[PDB]
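The data below hold one chain only, encoded as structure tokens and taken in the form deposited in one PDB entry.
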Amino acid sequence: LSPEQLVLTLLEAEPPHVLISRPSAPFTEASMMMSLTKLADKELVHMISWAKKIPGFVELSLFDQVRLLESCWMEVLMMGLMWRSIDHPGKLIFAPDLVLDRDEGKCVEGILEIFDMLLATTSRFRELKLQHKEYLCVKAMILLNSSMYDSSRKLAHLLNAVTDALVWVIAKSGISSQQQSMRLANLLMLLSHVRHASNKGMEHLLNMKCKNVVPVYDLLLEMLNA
């Protein structure tokens, strides 16, 4: 399985876009939290289908597959969120029909700081001129590398193959050899930012759940608690 086939497959596995519209009424802390959670919940199903299409994921132990998923879902969602919002400064494209403005975050306590984060990070990928093929590779890496802790070996092999796919895609651009290393370094240092946004969001979401301001759905309730 060459780095070329792996990217091809990643493109195929791309999860389709989830559609969600704005509720019929001015956004209240309640309506917003519901819109985002329902959206996240629906997305989580597609992520799982995406993970399993990644060569070698299904071959990992059952408990590691869920360990990697429970650990990276917010990161993977916010990275998808960023790619969508890349060409639209100041906006967050949660869905084709759900494009919140920065200031619109002031409708939910504390989420405004999270919107700024996602916006700045997205702004950073924008300046980097993030390519679609790099995004696909970067997204798959967040998954395989999300968890700290015969199966560990396969994982190692899997992250290795994906890293090799990013390198290759980067090289395909025709830029300097010295630039290949700088760009690789730049894309990866942004993973800490994506990770930081994910940590903060989950904190926020968890507290919304405790403040019981939002009911939980089938699958998302299992991920948050983890």
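Don't overthink the numbering: it's just position in the shown sequence, from 1. Between two forms, the rigid core is the largest collection of C-alphas that superpose within 1.5 Å.
The form solved in complex with a partner chain exists for this protein as well; it is not shown, and the discussion that follows is about that form.
For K172, no non-hydrogen atom is located within 4.5 Å of its partner chain in the deposited complex, even though that partner is not displayed. With a 4.5 Å cutoff on heavy atoms, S31 does not count as touching its partner chain in the deposited complex; it lies far away.
Taking non-hydrogen atoms only, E70 approaches its partner chain to within 4.5 angstroms in the deposited complex. Contact check for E222: a non-hydrogen atom falls within 4.5 Å of its partner chain in the deposited complex. Relative to the superposed rigid core, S21 undergoes a CA displacement of at least 2 Å between this form and the one not shown. The distance between the CA atoms of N199 and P23 is at least 3 Å longer in the deposited complex than in the form shown here. The pair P23 and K209 separates in the deposited complex: their C-alpha atoms are at least 3 Å more distant from each other than in the form depicted.
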